[PDB]
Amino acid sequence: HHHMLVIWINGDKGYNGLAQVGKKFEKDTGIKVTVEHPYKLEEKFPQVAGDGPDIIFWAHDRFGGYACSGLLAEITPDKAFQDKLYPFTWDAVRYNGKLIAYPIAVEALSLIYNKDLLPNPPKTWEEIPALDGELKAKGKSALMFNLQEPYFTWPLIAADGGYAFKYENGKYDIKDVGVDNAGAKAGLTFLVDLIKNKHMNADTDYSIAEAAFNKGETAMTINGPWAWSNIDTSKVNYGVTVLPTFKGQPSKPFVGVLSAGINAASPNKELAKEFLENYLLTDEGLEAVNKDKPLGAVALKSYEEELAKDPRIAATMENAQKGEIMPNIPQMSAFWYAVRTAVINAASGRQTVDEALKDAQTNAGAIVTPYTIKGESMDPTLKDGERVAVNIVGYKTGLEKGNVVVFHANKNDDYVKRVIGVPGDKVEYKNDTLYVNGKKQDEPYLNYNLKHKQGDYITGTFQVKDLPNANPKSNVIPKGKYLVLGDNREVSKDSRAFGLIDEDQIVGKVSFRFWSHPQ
């Protein structure tokens, strides 16, 4: 808890080097420093942040989501300190006007190649098929890299025109997503073609690709500076160079800035600040980490003037220049998840490229907001206190019968009920039997309440035409109106009492996990 620091950093980074900086800090101050590298730490952090590390290391892209959620302290570096780091690194860690992390290092992917298998790396993605042909002849392959994380395939996807969210007039437009445009389709198609033609395997992941390259089995890989240490150990004669072009266009990697945030709930914020500013972000601190696993082009000017000398760093920055700084907006999480699914599905054959990217386009922009359920009127479908995810609906967008919707009841109160009828639907109840457009409709979500009722009927007979805001001449639901009922029908105050609601009151659809799925 109190007289110590717990730090999270990813498994692929120099965590032993960071721990040595932690030992120096313990020597000087008596404050113990524990460095952990949990699997999927970037997803776990919100879970635990309630506990959780005092300091969390990740690429800057995740931090706006963390900050929006109130999980991060605003950092308070003075001018003198701010001047020690490149201005553009500070830009990566600013969110809603405030600094929310300490930038550490600029990361971009490069093409890494074995000079003994391949003295001249290919200028173009288009050469790789032939090249693989030649290399297969001697029991080798041309190219292996991690296909499970879209970070690694994004440079190819963006080459001919893909993008995440358009940045225009000083802000990102969350509605302008570049995932299923022509450029993205061509790139992902070429990737799938490589797999179809057995020049790559769809199951290749980080460790498989790294082992292959470091054991001399593949001529090329795609990875960041962190990977160079293991290659040094392997004695592969390697080079780090500019990524090939695709359709004449440079590959465009998403550039990250490894950043260090301070938990908003930490009682050691002052120690965290001391550690980061005066131990880590020094020539000596960065060197210790860098010596373990290279950081990339560091944020600290004094040390970067040394590392910029390295040709491999010159390559890293060259690839960066053709790419783009990741957005840090909260929507990034949804983007990456959408694009991970799309690549995996297109590569495995589960979907075509058009299908995968059409779904990804939709999912990357779909805004999701957490809500807490209050009351028992949706029981047992939703319970009092239940945390749910709510898919925000665009102003005049596709609501459907069965959807459970959050809506504004008044200026202060949001309600949640199930859509039983949409505009145009003719609806009534005869006892507990639902009739929509002349057909009885089963309501399996009421099965429990139907079989544990206090009364004769849980919903009871009624007709739309008798309800507030209805067409009193018709059971057909008016234009822009919706019939909503609570699943706990016996106790629910819903359209039976307050009538049809308006389309403009609806905020989103509640997402449900279905208990069953394929194995």
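Residue numbers here begin at 1 and follow the sequence given.
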Q. Between residues given as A49 and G50, how many of the deposited sequence are not built: none, 1 to 3, 4 to 9, or 10 or more?
A. 1 to 3
Q) Relative to the deposited sequence, how many residues with no modelled coordinates occur between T397 and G398 (none, 1 to 3, 4 to 9, 10 or more)? A) 1 to 3
Q. Mean CA B-factor: is it higher for 149-157 or for 430-438?
A. 430-438
Q: On mean C-alpha B-factor from the PDB entry, just flag whether 406-414 or 364-372 is the higher one.
A: 406-414
Q) At the C-alpha atoms, which of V484, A470, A59, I56 reaches the highest B-factor in this entry? A) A470
Q. Highest Cα B-factor in the PDB entry belongs to which of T89, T241, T76, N449?
A. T76
Q: Would you please rank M220 by its C-alpha temperature factor against the other modelled residues of its chain and give the third it falls in: lowest, middle or highest?
A: lowest
Q: Among all modelled residues of this chain, ranked by Cα B factor, put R489 in the bottom, middle or top third, i.e. lowest, middle or highest.
A: lowest
(Q) For the chain shown, is the CA B-factor of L281 in the lowest, middle or highest third of its modelled residues? (A) lowest
Q) Would the CA B-factor of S234 place it in the lowest, middle or highest third of its chain? A) highest
**Q.** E304 by Cα B-factor - lowest, middle or highest third of the modelled chain
**A.** lowest
